[PDB]
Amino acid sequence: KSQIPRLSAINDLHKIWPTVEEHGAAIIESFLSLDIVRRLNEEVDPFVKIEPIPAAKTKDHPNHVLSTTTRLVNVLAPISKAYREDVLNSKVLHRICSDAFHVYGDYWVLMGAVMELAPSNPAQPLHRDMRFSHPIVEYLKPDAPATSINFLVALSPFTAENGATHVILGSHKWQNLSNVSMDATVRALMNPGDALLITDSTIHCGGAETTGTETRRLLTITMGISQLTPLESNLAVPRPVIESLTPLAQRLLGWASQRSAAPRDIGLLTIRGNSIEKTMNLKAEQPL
């Protein structure tokens, strides 16, 4: 059976979205440079170590879906300079997203999270994303263009033995889920900085960690149309941090108004005909 298509971030940029559109998955080799992965890991390191179990009894909004051997930390902008600057302004990410979402309009980050899987983390069940947060997506027509996509960026090696992600190629066009089986999957073997890109309809799952020693870490960036509400809030991010960002990064974090692709678009998150950024006179690219 056939493997996940691999593409260069540098040379095959225009081929990336068409490939995902056709097959439901693609590996973008060197999506983030090793330098950015290095800085990213450095900055989130302590935050993943202090993170409790997904369903911790201290949480307002516990996650009952992820395994107890999973640590997920989101709202990365205040934690990570590499995230807020380098990845939020990634030229490759933005070309792919504008390729993907042009039918709808503006897009933004629905969630940027680092996930770390402890040794011997079991495989997740095969699934489509968004079903625990956006029930609306299940009511979309089967051929509706994808309203969100997920960049699963390796922050450590992805191997078959350490639980590299499984995908079923072509499953983004499936309606019937009766042939859903691990038998039908292929693996995303990746070096740090490579990214597996899937859609909200691609059937996939985290793999079983079988070494008992390796700790797999990933940066999952769910990008979605600005018409859908993010899983995470940047409302509590200090204004000096927000004002350090580019206008584009600000929009991605919900600190700007948004636009649909309707010819006479009337806009989203507007204030009596004016943008958030104008109204609040929000500054941009003000260094810390």
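In case it trips you up, residue 1 is the first one in the sequence shown, and so on.
A.B. asks: Using only the Cα atoms and their B-factors as the entry lists them, report which of 244-252 and 216-224 averages higher.
C.D. replies: The entry gives the higher C-alpha B-factor average to 244-252.
A.B. asks: Quick one: higher average CA temperature factor, 25-33 or 52-60?
C.D. replies: According to the entry, 52-60 carries the higher average C-alpha B-factor.
A.B. asks: Identify, among 175, 147, 98, 133, the residue whose C-alpha carries the highest B-factor in the deposited PDB entry.
C.D. replies: Each of 175, 147, 98, 133 was compared by C-alpha B-factor; the highest is 175.
A.B. asks: Between 269, 20, 9, 266, where does the Cα B-factor run highest in the record?
C.D. replies: Highest CA B-factor of the listed options: 9.
A.B. asks: Please place residue 84 in the lowest, middle or highest third of its chain according to the CA B-factor in the PDB entry.
C.D. replies: For residue 84, the deposited C-alpha B-factor lands in the highest third.
A.B. asks: Give the position of residue 121 by CA B-factor within its chain, expressed as the lowest, middle or highest third.
C.D. replies: Ranked within chain, residue 121 CA B lands in the middle tercile.
A.B. asks: Where does residue 280 sit by CA temperature factor within its chain: lowest, middle or highest third?
C.D. replies: It falls in the top third of the chain.
A.B. asks: Compared with the other modelled residues in the chain, in which third is the CA B-factor of residue 210?
C.D. replies: Highest third, going by the recorded CA B-factors of the chain.
A.B. asks: Using only modelled residues of the chain, where does the Cα B factor of residue 179 rank: lowest third, middle third or highest third?
C.D. replies: Highest third - that is where residue 179 ends up once the chain's C-alpha B-factors are sorted.
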